[PDB]
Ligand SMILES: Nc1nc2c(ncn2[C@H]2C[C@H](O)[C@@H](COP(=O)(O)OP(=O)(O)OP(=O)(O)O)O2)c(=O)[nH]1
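So this first bit is one chain, no partners, the form solved without the ligand, shown in structure tokens.
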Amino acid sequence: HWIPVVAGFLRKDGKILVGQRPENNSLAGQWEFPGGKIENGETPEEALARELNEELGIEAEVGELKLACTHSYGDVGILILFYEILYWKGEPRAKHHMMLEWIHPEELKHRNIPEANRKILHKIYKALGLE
């Protein structure tokens, strides 16, 4: 089976937004880009706009598709679509995550990130125009 997921790159003076997953979460304490699952009927952009509102309290315009990655957890596949988010109203707040931080994208390496995300870190850097 496959699970499609969307994630947004929001930037602030070169830095990028990450959220720390809340207590008793599947990846409690690990740092990720905001986003979530695509629901039946939704375009990936519709899903991401919804998730950014639900997670961050912002109304975001979804920009260009930058990257798609797969990972496997046994017989289940995850397909993640990463979009550039250039424009939004409001400032992100930790409605879902236990903390939000704006980090230098080079920082991602040394952060406590999901094991599955580290494996695609080089593609993320390339998509973000790095190294």
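Note that residue numbering begins at 1 and tracks the sequence as displayed.
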{"property": "Absent coordinates for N112 in a third or more of other compared entries", "result": "no"}
{"property": "Other compared entries missing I80, a third or more", "result": "no"}
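Keep in mind that the form solved in complex with the ligand is missing from the display, and what follows is about it.
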query: Pocket accessibility when the ligand, as posed in the deposited bound form, is superimposed onto this form, judged at 2.4 Å from backbone or C-beta; finding: open
query: Listed residue (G63, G36, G57, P44) with a non-hydrogen atom within 4.5 angstroms of the ligand in the deposited bound form; finding: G36
query: Contact label in the deposited bound form: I80 to the ligand, heavy atom within 4.5 Å; finding: yes
query: In the deposited bound form, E32 touching the ligand (heavy atom, 4.5 Å); finding: yes
query: Heavy atom of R111 within 4.5 Å of the ligand in the deposited bound form; finding: no
query: 4.5 Å heavy atom contact, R21 and the ligand in the deposited bound form; finding: yes
